[PDB]
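Colleague: The opening residue of the sequence shown carries number 1 in the deposited numbering; numbering runs sequentially from there.
All C-beta atoms, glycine included, are put in the ideal place defined by N, C-alpha and C.
My questions all concern the structure below.
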Amino acid sequence: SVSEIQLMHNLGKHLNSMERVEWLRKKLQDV
């Protein structure tokens, strides 16, 4: 329960290390 920007940041790092790097750019292209 935060802001749309902060919500993407909260779900854009847990993955592993290199997963968040590709997830913040390839998500909008392929969800």
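Consult DSSP for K26 and reduce its assignment to one of helix, strand or coil.
Modeller: helix
Colleague: In terms of residue numbering, what span does the alpha helix (DSSP H) encompassing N10 cover?
Modeller: 4-10
Colleague: Residue 32 by DSSP, collapsed to three states: which one?
Modeller: Shown here, the chain extends from 1 to 31; a query on residue 32 therefore has no answer.
Colleague: Whole angstroms are fine: how far does the CA of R25 sit from the CA of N16?
Modeller: 16 Å
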